[PDB]
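Student: The structure that follows is given in the form of structure tokens.
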Amino acid sequence: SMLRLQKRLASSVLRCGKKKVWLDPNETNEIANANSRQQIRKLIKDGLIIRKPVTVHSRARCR
Amino acid sequence: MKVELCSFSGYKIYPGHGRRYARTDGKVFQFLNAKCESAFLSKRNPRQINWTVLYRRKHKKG
Amino acid sequence: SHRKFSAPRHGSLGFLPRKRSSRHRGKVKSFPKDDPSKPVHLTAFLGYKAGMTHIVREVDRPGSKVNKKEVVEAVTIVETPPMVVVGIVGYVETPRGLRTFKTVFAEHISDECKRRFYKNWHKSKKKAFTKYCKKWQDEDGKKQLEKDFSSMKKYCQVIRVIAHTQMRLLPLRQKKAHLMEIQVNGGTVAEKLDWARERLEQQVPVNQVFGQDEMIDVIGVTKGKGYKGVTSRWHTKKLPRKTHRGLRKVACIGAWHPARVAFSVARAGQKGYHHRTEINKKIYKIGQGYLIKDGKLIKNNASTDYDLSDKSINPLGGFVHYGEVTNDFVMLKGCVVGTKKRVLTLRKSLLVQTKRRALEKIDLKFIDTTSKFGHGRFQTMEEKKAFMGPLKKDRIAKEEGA
Amino acid sequence: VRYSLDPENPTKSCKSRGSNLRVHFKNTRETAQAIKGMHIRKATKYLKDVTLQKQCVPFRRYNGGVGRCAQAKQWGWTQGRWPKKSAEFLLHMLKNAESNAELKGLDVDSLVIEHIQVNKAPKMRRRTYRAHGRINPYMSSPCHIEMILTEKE
RNA sequence: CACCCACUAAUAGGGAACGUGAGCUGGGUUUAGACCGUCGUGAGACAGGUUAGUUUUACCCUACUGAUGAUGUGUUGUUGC
RNA sequence: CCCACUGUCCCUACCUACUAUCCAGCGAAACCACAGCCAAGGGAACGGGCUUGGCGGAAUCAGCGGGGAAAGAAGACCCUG
RNA sequence: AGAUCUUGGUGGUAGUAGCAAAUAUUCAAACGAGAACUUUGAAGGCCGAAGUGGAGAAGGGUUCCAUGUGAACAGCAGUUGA
Ligand SMILES: [Mg+2]
Ligand SMILES: [Mg+2]
Ligand SMILES: [Mg+2]
Ligand SMILES: [Mg+2]
Ligand SMILES: [Mg+2]
Ligand SMILES: [Mg+2]
Ligand SMILES: [Mg+2]
Ligand SMILES: [Mg+2]
Ligand SMILES: [Mg+2]
Ligand SMILES: [Mg+2]
Ligand SMILES: [Mg+2]
Ligand SMILES: [Mg+2]
Ligand SMILES: [Mg+2]
Ligand SMILES: [Mg+2]
Ligand SMILES: [Mg+2]
Ligand SMILES: [Mg+2]
Ligand SMILES: [Mg+2]
Ligand SMILES: [Mg+2]
Ligand SMILES: [Mg+2]
Ligand SMILES: [Mg+2]
Ligand SMILES: [Mg+2]
Ligand SMILES: [Mg+2]
Ligand SMILES: [Mg+2]
Ligand SMILES: [Mg+2]
Ligand SMILES: [Mg+2]
Ligand SMILES: [Mg+2]
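Those protein sequences? They're chains A, B, C and D, same order as listed. Quick note on numbering: the first sequence equals residues 2 to 64 in the UniProt record's numbering. Quick note on numbering: the second sequence equals residues 1 to 62 in the UniProt record's numbering. Quick note on numbering: the third sequence equals residues 2 to 403 in the UniProt record's numbering. Quick note on numbering: the fourth sequence equals residues 2 to 154 in the UniProt record's numbering.
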């Protein structure tokens, strides 16, 4: 439903900002049950939570 | 029906169209529109502008 | 205290109710004074502002710098399909003014004319005049009509005829025609009644109403500019840039006394869409329109005595925002109020044209037909193709057409 | 409870009442005057049309500054508006009255709004701030509503 | 106000709360800072000079400009005076 | 004062953004003897009311700033105590 | 009945002024009675390291965190919230 807590926990555990945290919209129900960092780690391992890749800034023009 | 004129671009200028420009030195020119007059006023060569008649006859187009 | 310098008043006090026209047509309000010695003739007409262009002609005004010289004069094209007369109104003179005496409508009213009677033609049952026209057939209604004509003949002082335009002939969206009372003059009451009675259910071409190189009056409603401030509505002086609460205003709207605002103080409000009457407009050319006797003829609209080019009055690409003109058109001199596709009323001059401005013969030498949807540079398709030669789409169309 | 204007026959009639309804009182009054005397189905479809801005209510008494809309010409009036909140509140009240009419076991196909009344509810205080550190009231104007329907057809 | 330049047929005189600041401006007068000269012992003054110095609110009534309407003709429309 | 510069101006126009405008919701404040058509008269010597006369037609909208000797301070100028 | 009276209540104004300082939001989905404002994803942007980031002092004092509610408040709303 409202996964701000889950987003915060994922951002803290993954040690990345909330921008890079990807939560699966399909398994919203499964995520909402996770209220502990251990459960967040389990979801990360299962693949429901993905650390999105860093936005590309290429220096090829600069080079 | 009066005298037909030729512009910087070489087009015919019908009466009631364009403008007539006379310099101080003693030459009088006429331009079909503000585009042709502006091109003349930057001293742009007619032969290098693709849609001018002069460029067309220089490059044997058509 | 007096104002330190004198200055003419901004704005006209002859147009003070500066408000939108309550009518869209533009009514006559003053017809030419009748005289029975003249032949029976109409006095006015309905036109539509097709657009504007310019012409080349030689002036034959002696003693001027422009004698035997060629000038360029802007003109206005007014498309005027022949009016269809459907009725007659007779008026009787009273000490209380003119009042309507008796009205007669013709049978077989045109479908477009009947639409004027309906605000919503779409859902109508189309019943208008359906019971009325049946009295043109039975003997009782016929006798009633004959008594009506006799009463008009023996009582009415002036009469008018109702003519309507032909919407199907115009390229506009609106299919609702325009009705009009046109006064008939030049003869006795019986004579004009007989002439109109002949002309019921008939078409009156514009050439039978107005003539060449004759100066007429133009009536219409101007371009509605919407709500406007004082600066544009009255052309008063702008305030200095240091002005606090507004520079496009009038600084003083009246002295302390008489403790009110005089009507003559310029104030913001509606601009344009004003019913105006313009006079002294010379008719340079009355067009003939499109014919097909064997093929379509378009030269008659734009070819002059010295051009001889098979081209129409329609400019390259048609008239801006208007369409294509195929029917009888009138080429006035100068500007005409109202936008494109705005209905206009043209009337014979109420005055006597004795000035050498008037009654001067008009001979066109060249009529511009360049495209006004931009800076047009070619008179005709033929000349444009001749100058530019073949083109890429031309080549590819020839390729598929072999 | 003591309804104003009790019906002539309190057997063919049903009652609905509301108190402290968080709606504008003047808008409610104009709406109630608009729907007065209507059949219940006609009133319901009319309020739904108000919601969709297809039918406008004539603002007759409290018309200060109210703009002009074309649909006002249905009435002999010029000013009109489409109060959404008033429409929803009257819809809830009307459905409550319909439920009461069902409970009295009289058919709801024959109901006409013979009586309706809007009265100002007690005002509630809110606070605002002005240019020189001044405080102005930010009062609310709720309203109490009562109505009486009646079987007639 | 005055005067001059120039043009013009002519550059007449005035009123409307010495018209018109919820229209403007603030150059002057007429606060508080400050200098000069004159006066006074002094604080300070000077229709003497100079400089710098906050110009608020209209959504109310009415007026005025426009815009819907509104009264009767049964309704409604067209054309008109 | 001069060179240049330019919408300060001749002489105004157009365009953009936000407002104002209308709708949804929410929603005050100043002010208010009563109310608000004018001319003349008299009058506390400049009336919305009174007399004389001109007249006068529900409800309202967007403007507007002529009037309400508009509002804002028991005049700071001057005089008396 | 007055005292620009005191206290308290209520009107016209008026559903009016107004809710315009800092470029910008859109689609889909979910919960939910109810979604412009809740949450997720996608997109477009912005802050552009002298930040709309990360942390401290003074000051505040539980606002911190979880769960729950839609009475009041967050000048619209809110299933959200200091
Ligand atoms: Mg200023
Ligand atoms: Mg053009
Ligand atoms: Mg108002
Ligand atoms: Mg407003
Ligand atoms: Mg504030
Ligand atoms: Mg403060
Ligand atoms: Mg004078
Ligand atoms: Mg004065
Ligand atoms: Mg003033
Ligand atoms: Mg002022
Ligand atoms: Mg000054
Ligand atoms: Mg000083
Ligand atoms: Mg001394
Ligand atoms: Mg300074
Ligand atoms: Mg008076
Ligand atoms: Mg005093
Ligand atoms: Mg005092
Ligand atoms: Mg008392
Ligand atoms: Mg007393
Ligand atoms: Mg008191
Ligand atoms: Mg507002
Ligand atoms: Mg705002
Ligand atoms: Mg950036
Ligand atoms: Mg920081
Ligand atoms: Mg918290
Ligand atoms: Mg709120």
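In this text, a Cβ means the ideal position worked out from N, Cα and C, and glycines have one as well.
Which residues of chain C have a Cβ atom closer than 9 Å to the Cβ of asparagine 33 of chain B, listed in chain order?
Tutor: Result: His376, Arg378.
Student: Do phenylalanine 330 of chain C and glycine 273 of chain C have their C-beta atoms within less than 8 Å of each other?
Tutor: In this structure, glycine 273 of chain C does not lie closer than 8 Å to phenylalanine 330 of chain C by Cβ.
Student: With a 10 Å radius around its C-beta and 16 neighbouring C-beta atoms as the bar for buried, classify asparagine 28 of chain D as buried or exposed.
Tutor: By the 10 Å Cβ count, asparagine 28 of chain D comes out buried.
Student: So is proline 54 of chain A buried or exposed if we call it buried at 16+ other beta carbons inside 10 Å?
Tutor: Looking at its Cβ environment, which holds fewer than 16 other Cβ atoms inside 10 Å, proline 54 of chain A is exposed.
Student: Since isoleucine 183 of chain C and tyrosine 92 of chain C are thought to touch, with beta carbons under 8 Å apart, how far apart are those beta carbons, to the nearest angstrom?
Tutor: Rounded, the Cβ-Cβ distance is 13 Å, inconsistent with contact.
Student: For the region 384-399 of chain C, list every residue whose C-beta sits within 7 Å of some C-beta in chain B, in sequence order.
Tutor: Within the region 384-399 of chain C, the qualifying residues are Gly390.
Student: Quick one: grab the DSSP three-state call for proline 46 of chain B.
Tutor: The answer is helix: DSSP assigns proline 46 of chain B an H, G or I state.
Student: So, does the CB of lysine 2 of chain B fall closer than 8 Å to a CB anywhere in chain C?
Tutor: Interface residue, yes.
Student: Find the nearest neighbour of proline 37 of chain C within the set C/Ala191, C/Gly255, C/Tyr323, C/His236, judged by alpha-carbon distance.
Tutor: Minimum Cα distance to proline 37 of chain C is reached at C/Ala191.
Student: Rounded to a whole number of angstroms, what is the C-alpha to C-alpha distance between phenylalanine 40 of chain B and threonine 381 of chain C?
Tutor: One C-alpha to the other measures close to 28 Å.
Student: Thinking C-alpha only, which one of D/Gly81, D/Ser141, D/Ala88 is nearest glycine 66 of chain D?
Tutor: Checking every option, the nearest Cα to that of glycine 66 of chain D belongs to D/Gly81.
Student: What residues from chain B crowd round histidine 25 of chain C, counting only those whose CB sits closer than 9 Å?
Tutor: Near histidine 25 of chain C there are no residues of chain B at all, since even the closest Cβ is about 33 Å away, more than 9 Å.
Student: Below 7 Å, is the gap between the Cβ of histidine 245 of chain C and the nearest heavy atom of ligand 1?
Tutor: Flag set: Cβ of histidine 245 of chain C near ligand 1.
Student: Which residues bound the alpha helix (DSSP H) around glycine 402 of chain C?
Tutor: Here the alpha helix (DSSP H) through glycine 402 of chain C covers 393-402.
Student: Any beta carbon from chain C within less than 8 Å of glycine 26 of chain B's own beta carbon?
Tutor: Cβ-Cβ to chain C under 8 Å: no for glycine 26 of chain B.
Student: For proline 15 of chain B, go through chain C and note every residue whose CB falls closer than 9 Å to its CB, in chain order.
Tutor: Within 9 Å Cβ-Cβ: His55, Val57, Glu71, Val73, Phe367, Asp369.
Student: Just tell me which of C/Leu14, C/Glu383, C/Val73, C/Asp61 has its CA closest to the CA of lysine 334 of chain C.
Tutor: Looking at the Cα atoms, C/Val73 is the closest of the given residues.
Student: Which parts of the region 74-127 of chain D are runs of the alpha helix (DSSP H), unbroken and 4 residues or longer, counting only runs that do not cross its ends?
Tutor: 85-104, all fully within the region 74-127 of chain D.
Student: Residue 68 of chain B: buried (16+ other C-beta within 10 angstroms of its C-beta) or exposed?
Tutor: What is shown of chain B runs 1 to 62, which leaves residue 68 of chain B out entirely.
Student: Given a cut-off of 8 Å on the beta-carbon distance, is the pair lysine 2 of chain B and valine 57 of chain C in contact?
Tutor: Cβ atoms of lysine 2 of chain B and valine 57 of chain C: closer than 8 Å.
Student: Please classify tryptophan 23 of chain A: does DSSP put it in a helix, a strand, or coil?
Tutor: Looking at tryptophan 23 of chain A - three-state DSSP - the assignment turns out to be strand.
Student: In its own chain, which residues sit with a C-beta less than 7 Å from the C-beta of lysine 124 of chain D, not counting the 5 before and 5 after it?
Tutor: So the list reads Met140, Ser141, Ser142, once near-sequence residues are dropped.
Student: From what residue to what residue does the beta strand (DSSP E) around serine 17 of chain D run?
Tutor: Where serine 17 of chain D is concerned, the enclosing beta strand (DSSP E) stretches over 14-22.
Student: If you measure beta-carbon to beta-carbon, which residues of the region 281-315 of chain C are closer than 9 Å to chain B?
Tutor: Residues passing the 9 Å Cβ filter: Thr305, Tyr307, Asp308.
Student: So who's on the other strand from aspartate 139 of chain C, going by DSSP bridges?
Tutor: In the DSSP output, where bridge partners are listed per residue, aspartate 139 of chain C has none listed.
Student: Measure the Cβ-Cβ separation of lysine 103 of chain C and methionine 153 of chain C and say whether it is below 8 Å.
Tutor: Contact flag set, yes.
Student: If we define contact as Cβ-Cβ less than 8 Å, is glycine 62 of chain B a contact residue for chain C?
Tutor: Yes - at least one Cβ of chain C is within 8 Å of the one on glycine 62 of chain B.
Student: In whole angstroms, give me the CA-to-CA distance for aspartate 395 of chain C and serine 23 of chain C.
Tutor: C-alpha separation (whole angstroms): 53 Å.
Student: Is the region 262-271 of chain C in contact with the region 344-356 of chain C, if contact means three or more CB pairs nearer than 8 Å?
Tutor: Flag = no, the region 262-271 of chain C and the region 344-356 of chain C do not touch.
Student: Give the interface partners of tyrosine 11 of chain B over in chain C, defined as CB-CB distance under 7 Å, in chain order.
Tutor: Those are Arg378, listed as they occur along chain C.
Student: Do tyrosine 63 of chain D and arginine 30 of chain D have their CB atoms nearer than 8 Å?
Tutor: Cβ distance < 8 Å, so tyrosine 63 of chain D and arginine 30 of chain D count as in contact.
Student: What first and last residue would you give for the beta strand (DSSP E) that runs through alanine 45 of chain C?
Tutor: Per DSSP, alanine 45 of chain C belongs to the beta strand (DSSP E) from 45-59.
Student: Let's test the definition: count the other Cβ atoms within 10 Å of the Cβ of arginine 242 of chain C and tell me whether it reaches 16, buried, or not, exposed.
Tutor: Exposed.
Student: Could you tell me whether the Cβ atoms of residue 1 of chain A and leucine 4 of chain A are closer together than 8 Å?
Tutor: With chain A covering 2 to 64 only, the question about residue 1 of chain A has no answer from this structure.
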